[PDB]
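Let's start with one chain on its own, the form deposited in one PDB entry, as structure tokens.
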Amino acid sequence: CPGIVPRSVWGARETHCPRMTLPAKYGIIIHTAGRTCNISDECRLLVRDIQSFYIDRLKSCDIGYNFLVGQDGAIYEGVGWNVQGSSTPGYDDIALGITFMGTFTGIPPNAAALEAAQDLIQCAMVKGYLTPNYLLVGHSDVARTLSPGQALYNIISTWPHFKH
């Protein structure tokens, strides 16, 4: 199971949103469709920016993703394990939203990032956070959106438990 830089480290704003009880029956991969980051400091600011965006512009209760993966190869805690994401209408409370920071329509995240996400996925299943036969899906498979990019979609569609 990978290391996860907590909200207390990247400077997350304190909230209190809908809690989520595990295990999750879904693992949904997302991309921010925004800029990427490839170093700690940079990535921490990017998650902070994304959160503020969710609170301020969209008026969401918090960042809409359970976890984020910077191209530094680090996993950043979004709302985390126990709190509900808000990116996939209908699925949020039964899925773990894992999103890569950046725009991967024409190019996939570097290997470091990909490794960390899967390491995170495998972990979650092993520890029962994801169900034994969890379903893996891209944002675009359940929600109408370009997320997480054809390039990235090409990769996760070869991953384990990828919903057909």
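Counting begins at 1, following the sequence as shown.
Just so you know, the form deposited with a partner chain bound exists too; it's not on screen, but the next bit is about it.
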Contact check in the entry with it bound: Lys59, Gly90 and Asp93 versus its partner chain, with a cutoff of 4.5 Å between any heavy atoms. Do all three pass?
yes
Heavy atoms within 4.5 Å of its partner chain in the entry with it bound: does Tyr54 have any?
yes
Taking 4.5 angstroms as the cut-off for heavy atoms, does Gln84 touch its partner chain in the entry with it bound?
yes
Close approach of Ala143 to its partner chain in the entry with it bound, 4.5 Å, heavy atom
yes
